[PDB]
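In: Just the structure for this:
(one chain, ligands or ions: 6)
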Amino acid sequence: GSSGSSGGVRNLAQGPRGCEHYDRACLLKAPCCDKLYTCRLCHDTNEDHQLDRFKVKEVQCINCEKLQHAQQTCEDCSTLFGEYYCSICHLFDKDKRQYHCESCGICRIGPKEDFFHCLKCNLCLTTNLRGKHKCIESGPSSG
Ligand SMILES: [Zn+2]
Ligand SMILES: [Zn+2]
Ligand SMILES: [Zn+2]
Ligand SMILES: [Zn+2]
Ligand SMILES: [Zn+2]
Ligand SMILES: [Zn+2]
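Out: Residues are numbered from 1 along each chain as shown. Ligands and ions are numbered 1, 2, ... in the order given. Next comes the structure:
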């Protein structure tokens, strides 16, 4: 002779349609576990192993869940998977003042104007460090 009440509320989360990492509309297949995650960073985040960003080439759409290969736009809904589409890194991110470095072969965040790439060092460096940073090592006395 007693009436109870139902409980156990729940919440929601955001994943696809562009994650905190990047803004894309297509999940990249995982040739490691045959799974699909917003971005490469997400995979590892929801997995014990790390996924590659170069190996995988195929991609799936989130607008019309249509299958397709590495591209910038869909072939069924023509939904921009990202203003910027890389072929080497196979990454798709919205216009976030980012540029792809050839010397490194990886995507980087600009604005390129306030940035540059050193040879001797073989890496990207911000203008703020134009000279201050060292490239070659030298000096007998240590400490
Ligand atoms: Zn995996
Ligand atoms: Zn992500
Ligand atoms: Zn689509
Ligand atoms: Zn790239
Ligand atoms: Zn670079
Ligand atoms: Zn240097």
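In: any idea how far residue 50 is from residue 71?
Out: 25 Å (CB to CB, to the nearest Å). From N, CA and C alone the C-beta is placed, and that goes for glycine too.
In: and residue 100, that's in a helix?
Out: No. Counting by DSSP: H, G, I helix; E, B strand; the rest coil, residue 100 is not found in a helix; it is strand.
In: For it, give its distance to ligand 4.
Out: The gap separating residue 100 from ligand 4 is 4 Å, by CB to the ion, to the nearest Å.
In: okay, now that residue: neighbour count?
Out: Neighbours of residue 100 under the rule other CB atoms under 10 Å: 16.
In: more crowded one of residue 50 and residue 71?
Out: Neighbours were counted for residue 50 and for residue 71 using other CB under 10 Å; residue 71 has more, 14 against 11.
In: give the contact list for the closest residue to residue 41 other than its chain neighbours.
Out: Sequence neighbours aside, residue 21 is the residue nearest to residue 41 in space, at 4.6 Å (criterion: CB to CB, 6 or more residues apart in numbering). Counting by CB atoms under 8 Å, 6 or more residues apart in numbering, residue 21 touches 38-39, 41-42.
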